[PDB]
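Have a look at the structure below before the remarks.
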Amino acid sequence: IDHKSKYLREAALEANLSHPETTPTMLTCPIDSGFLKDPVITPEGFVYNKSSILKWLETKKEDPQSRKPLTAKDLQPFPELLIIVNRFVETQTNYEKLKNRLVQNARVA
């Protein structure tokens, strides 16, 4: 199963269905709830930040979500996802600037 392609198309759809201010789950880190900075993908198709999943593997050598056997070698770099992440974050910031300007202008108009 091409987990990279499946994750990309699913995360992209969720991003487009999500309001610019909303934070898409598939663009976040499962165990720390923050935006993905350096995403890696597992053979199961799960995606974490590199530093976060590695810190987890120090204590327990299993996936945090499925509790199935997992090692650092199973972690494949997923830089392509950063394209989707970066575009949403930049769009979110630009929309928050627009929204604030429109609201403020309407207060005094």
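General remarks:
- Segment 73-96, residues that are outside any helix (DSSP H, G or I) and either of a type in the set (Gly, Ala, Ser) or under 12 Å from the mean Cα position of the chain (by Cα) (or both): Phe78, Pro79, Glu80
- Scanning segment 56-109 for residues that are among the small types (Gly, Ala, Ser) and in contact with a helix residue (DSSP H, G or I) (Cβ under 8 Å, 6 or more places away or on another chain) gives a single hit, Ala72.
- Residues in segment 1-24 that are within 16 Å of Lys37 (Cα to Cα) and either free of Cβ contacts under 8 Å to residues at least 12 places away in the same chain or outside any helix (DSSP H, G or I) (or both): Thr23, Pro24.
- Where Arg67 falls short, out of the listed (1) surrounded by 12 or more Cβ atoms within 10 Å (Cβ to Cβ); (2) over 19 Å from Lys6 (Cα atoms); (3) without any contact (Cβ under 8 Å) to a residue 60 or more places away in the chain: (1)
- The residues listed here are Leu27, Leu36, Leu75; of these, the one that is touching a residue at least 60 places away in the same chain (Cβ under 8 Å) and surrounded by 14 or more Cβ atoms within 10 Å (Cβ to Cβ) is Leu27.
Note: ideal-geometry Cβ built from the backbone for every residue, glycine included; neighbour counts use all protein chains shown. We did not get these values from a lab; they are worked out from the coordinates using the rules stated.
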